[PDB]
Amino acid sequence: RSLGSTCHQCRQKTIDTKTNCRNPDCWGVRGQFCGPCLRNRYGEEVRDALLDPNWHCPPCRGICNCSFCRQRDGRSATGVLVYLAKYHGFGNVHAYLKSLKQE
Amino acid sequence: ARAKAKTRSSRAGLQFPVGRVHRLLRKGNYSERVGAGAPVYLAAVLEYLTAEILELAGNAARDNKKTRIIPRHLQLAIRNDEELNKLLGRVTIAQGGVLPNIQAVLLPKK
Amino acid sequence: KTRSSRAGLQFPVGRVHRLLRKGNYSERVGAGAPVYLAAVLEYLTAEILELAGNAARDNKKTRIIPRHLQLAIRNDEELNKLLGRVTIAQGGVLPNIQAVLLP
Amino acid sequence: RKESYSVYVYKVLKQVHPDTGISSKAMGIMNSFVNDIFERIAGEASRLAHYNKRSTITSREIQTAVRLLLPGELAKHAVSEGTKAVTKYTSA
Amino acid sequence: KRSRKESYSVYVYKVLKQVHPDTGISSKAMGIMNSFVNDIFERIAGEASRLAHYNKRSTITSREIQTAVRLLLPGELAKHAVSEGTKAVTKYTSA
Amino acid sequence: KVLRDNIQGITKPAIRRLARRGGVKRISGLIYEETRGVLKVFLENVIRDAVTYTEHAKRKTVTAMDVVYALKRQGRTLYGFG
Amino acid sequence: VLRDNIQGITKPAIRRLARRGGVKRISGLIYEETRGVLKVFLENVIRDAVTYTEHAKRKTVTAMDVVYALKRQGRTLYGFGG
Amino acid sequence: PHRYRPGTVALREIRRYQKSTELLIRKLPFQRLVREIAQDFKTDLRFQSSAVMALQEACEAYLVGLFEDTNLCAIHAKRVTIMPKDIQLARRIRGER
Amino acid sequence: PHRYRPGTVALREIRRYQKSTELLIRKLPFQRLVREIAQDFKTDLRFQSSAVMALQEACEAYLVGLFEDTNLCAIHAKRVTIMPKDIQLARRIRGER
DNA sequence: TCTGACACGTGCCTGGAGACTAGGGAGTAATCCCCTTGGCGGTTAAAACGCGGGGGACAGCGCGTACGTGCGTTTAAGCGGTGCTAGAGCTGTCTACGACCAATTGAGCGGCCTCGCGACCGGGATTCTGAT
DNA sequence: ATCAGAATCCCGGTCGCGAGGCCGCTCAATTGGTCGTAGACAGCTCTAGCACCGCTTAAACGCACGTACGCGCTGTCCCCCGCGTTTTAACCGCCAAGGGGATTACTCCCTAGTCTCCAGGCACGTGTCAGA
Ligand SMILES: [Zn+2]
Ligand SMILES: [Zn+2]
Ligand SMILES: [Zn+2]
């Protein structure tokens, strides 16, 4: 309860390595994401995100779909969308979300 | 020189406030005067009783794998210790529920 | 010129004021507080004494003893309720036998 | 030396029963009853004075304590027998 | 314009961090331990006042507090609680 | 504003649930009215004392503390609302 | 030293207490249960009477100490100087 | 069709409701009952939500305790079902007249 | 010879002892029991006579009340004799257990 | 008849009463906002009915245990004396202790805001009973 | 006894409101000094617990005997439980008013507090009468 890191998307406490935001203008812990959330949301992994020097947290690029950020955008809550994207052939919900906007 | 003031609870080595307890005793019209060792004793006793109830309630919550005590974890911590149960035998606890207890007569036969 | 005479009571009022001040119930005691308290005490004592005297008269006795007081309290419903958890020395008990016990 | 409610309870007894005396043991029982009731009512009046942030015990506290302890007809009667004294004190 | 009221939540919480360093307490349970403290305080203080009045004393002292704790608290509690208070008092003597 | 026939709102399933928490397994069909009467008497006493406290406070509202004091006067100290 | 004095509460004494209570038949095992109950009650009262006596640094247990000890348990006793 | 033997769901309900903590009486009927009772003593009264909640909590606790005593009285008489006479005996012994 | 049927003398003493008001336990055995019990709290105690008398009055009143409740429990279970289970039930319901 | 427990009689203080005072507790106007009172529409879960039948309350019967009643034996509770002394009351002295009071300073209370916990569903074991 | 309806954890997905902390004041706890008296300690006295001795003699105590009643066994209706169907009012989310709990600013008069004097209960002491 005093040691674990909390992911931005899932907002739970667990023992796992989490990525960091390299944006100098980035503030707070919102640059930290856990593998199970980001791999299900955008197709990125912990290793590549850690190794990339210019990698930014999904809030930094503006592609964060967390409920807090989703509400900051003035639009509704996503909920669970992985299986909907899978039924539509989309590997990640972000491509599904981008396709939904296009349609 | 008036050296830096230290709370009387620190001199007593306590966590409950001896000074506030002194004020409560004096303003609660219990007696015309109150000594210097009355607030210390009363504060220590209240601290100890709270410590025991919290000891029991933390375990009662841990066996429920919860990280935030609720009223329930007090009742299970009270009605299971015989002495604490005796001390608080005429007290109801809001949202406290009751211990699971089914009489052996009602249990299914065979 | 005593305080009881002004209020027209036979119970003391100055003594009740002294017992209110010396018993640290409050810092200040009002003017009519001892008067009201003495009147209520006088009324309750008068009711108890009337009931006990009637019980003694029905007992063909001249002096009131603890048995008469116990009978008077235990027969009057309101006085019994007011004194539900009090034991009277040599007061005895109300004679009562359950119906199933009888032949 | 020692004080009691012997004289006052004897006066009340003579008022309510001109031809009835009282025994010493029963007299002590009456003393204990008067002390117990006085303690109860004074303590309850103190509690009401504390609850409402009042530093003075007045007739209102005694009246509400009487209404709180005394059951049923004993309350409404006693209140009527209490205020009747206080208003008399007002007349002096 | 504040209506600030005293409550033992500053201590009821702070003594919980000395007995269960990684366990919380709900605000519905802080308002129960608050009442427990405010009830036991009144019990012991009232008993101490009665004890002082019986002996024609006007000063509530640690003897009346000790006797009140001995009268109310049952069993090992009264044997343990006292052993706490005495320590505090004797520590108070050393200042 | 006035109300009438509200003790029947203490339903038979609700009384059965209160009995189930009490550990009883079988319920006679005649205990529902008995429990309604008992609850009404208990509520009458506590509410009378609470409204007495409210009247002494010169208040037109009944607060939690009045109820807590009314219960404490009957030896039913309640923790959680004080 | 004194011992086994609880047997001094004889069977006919318990019989008289039960008859005053209003019971007409008594089982044979009632007497031991009553002796145990009475011993527990006596210990509970005497503990507090001796505590009250010790608080006053006295070697004599007065009647008023017993009266206070009984009052502590909600068993107010009249007629002994209370 | 599957049909539980009588009494099975009784123990199931006993376990379920002894595990929980929520109030068993619906809030609106109890609020109406409280208002109806209090209207006699004083008129045009007002209740804090905390007042009604505290009254309800006290009533449920009292009823649960009374039901435990009633169940003990029932088991004493070599019975399993609680009857009104058990409630009466429990209330008489407890001193609640 | 003349022989009363069982239970007649029972009612006779029931009426006789609810009519009377004196103490039913002998003074000396109760005083000895009080002294032995108090021996375990403070050594070499002394007792005022009124103290022992008050203790006897309180103990007798307590036992008479307990026997009243026990008789009620026994009558509830369709019995006339009082058994230890009735005393246990009365003490449990009263809050003593 | 006789037992004394209770009914007054009378000194005698010693707590109560009368005058006067000053200071602080508490009515009273004067807002203010907040948190109690309503309407109002769905809707969903929860109360209400109905019905079959199974387990349980209730009465009866019979045999045997255990308790009440009585009688003769015993034995210690109760009563009355008689010294004896521990210790409970009472008083006097005076000292340590707590109240009252002016600075003054930090501990705790209110608001804030964000982080972690305690919730919801959604498929898969995992028990849990019932009849065979 | 094994298999199948049925209820229930269980562990993955999310989300959402509250609970730890954190900063700013402000109210009260702390320091220090002065002063009055409450309780502690030392003698003195008288009371009333406590220990013993005898002596009746009611009350406890063993045994005997009979029978009342507690207790297990059968029946036998019948009342409550479980489940399916329907329906209906609680619950939730909104808005909409305004009544009154709460908080200052007087300011007035109620009550400790002091002093002086005096008569109402208390204790010692009998004496007629309940009543054991
Ligand atoms: Zn995550
Ligand atoms: Zn970032
Ligand atoms: Zn985000």
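Q: Would you mind going over the protein's contact with DNA strand J with me for this structure?
A: As a matter of local geometry, DNA strand J sits amid 82 residues, with F:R17, G:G28, H:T8, H:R35 and I:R3 nearest to it. Considering the 4 Å shell around the protein, atoms of DNA strand J inside it are sugar or phosphate in 93% of instances. Within the side chain of B:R2, a nitrogen or oxygen atom sits 3.1 Å from a base nitrogen of DNA strand J. In the environment of DNA strand J, a phosphate oxygen lies 3.1 Å from a nitrogen or oxygen atom belonging to the backbone of D:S55. Sorting elements by how many residues they give to the surface near DNA strand J places helix α2 (residues 27–39) of chain I first, with four residues. Taken together, the residues that form the surface near DNA strand J break down as 18 nonpolar, 24 polar and 40 charged.

Q: Is there a simple way to explain the interface of chain I and chain H in this structure?
A: Many analyses report the size of an interface as the accessible area lost when the parts associate. Taken together, the contact pairs 13 residues of chain I with 13 residues of chain H. Summing the contributions of chain I and of chain H, the shared interface buries around 1,200 Å²; its carbon and sulfur component is 69%. Inspection of the region where chain I meets chain H yields two salt bridges. Mapped by element, the contributors of at least two residues to the side of chain I that touches chain H are α3 (49–76) and α4 (84–93) of chain I. If you tally residues by element for the side of chain I that touches chain H, the top one is α4(I), at six residues.

Q: I would appreciate a short explanation of the relation of the copies chain I and chain H in the present structure.
A: Superposing chain I onto chain H requires a rotation of 180° together with a translation of 0.0 Å along the rotation axis, leaving an RMSD of 0.3 Å. Here the copies are linked by what is in effect a two-fold axis. Across chain I, the rotation axis passes nearest the C-alpha of I:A77, at a separation of 2.2 Å. Comparing interface residues between copies, 100% of those in chain I also sit at the interface in chain H, which points to an isologous, same-surface contact.

Q: Please explain the protein's contact with DNA strand K as it appears in this structure.
A: The immediate surroundings of DNA strand K are formed by 84 residues, with A:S67, B:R23, C:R21, E:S3 and I:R35 found nearest. Counting only atoms of DNA strand K within 4 Å of the protein, the sugar-phosphate share comes to 91%. Taking B:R2, its side chain carries an N or O atom lying 3.1 Å from a base oxygen of DNA strand K. In this structure, a phosphate oxygen belonging to DNA strand K sits 3.4 Å away from a side-chain N or O atom of H:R16. With five residues, the single largest contributor to the surface near DNA strand K is helix α1 (residues 8–19) of chain H.

Q: I keep staring at the coordination of the zinc ion (ligand 3) and nothing clicks. Help me out?
A: Note on metal geometry: ideal angles are 109.5 degrees for four donors arranged tetrahedrally and 90 or 180 degrees for six donors arranged octahedrally. All names here are of chain A. Taken together, the protein donors to the zinc ion (ligand 3) comprise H8 (NE2), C64 (SG), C66 (SG) and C69 (SG), at separations of 2.0 to 2.4 Å. Coordination at the zinc ion (ligand 3) comes from four donor atoms whose angles at the metal span 94 to 124°, giving a geometry best classed as tetrahedral. Spacing between the donor residues of the zinc ion (ligand 3) along the chain follows H-x55-C-x1-C-x2-C. With a gap of 58 residues between them, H8 in the loop between β1 (5–6) and β2 (13–14) and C66 in the loop between α3 (58–61) and α4 (67–72) connect regions that are remote in the sequence.

Thresholds, definitions, all that
Residues numbered from 1 in each chain as written, not as in the entry; some residues may be left out. Chains lettered and ligands numbered in written order. Heavy atoms only, no water. Near = heavy atom within 4 Å. Polar contact = N/O pair within 3.5 Å; in protein donor to acceptor, adjacent residues only side chain to side chain. Helix = DSSP H or I, 4+ residues; strand = E, 2+ residues; numbered from the N terminus. Nonpolar A, V, L, I, M, F, W, Y, C, P; charged D, E, K, R; others polar. Contact = heavy atoms within 4.5 Å. Buried area = accessible area lost by both parts, 1.4 Å probe. Salt bridge = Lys/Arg side-chain N within 4 Å of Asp/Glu carboxyl O. Least-squares fit on C-alpha atoms. Donors = N, O, S within 2.8 Å, 3.2 Å for Na, K, Ca; no water. Tetrahedral: all angles 85-135°; square planar, octahedral: opposite > 155°, others 65-115°.

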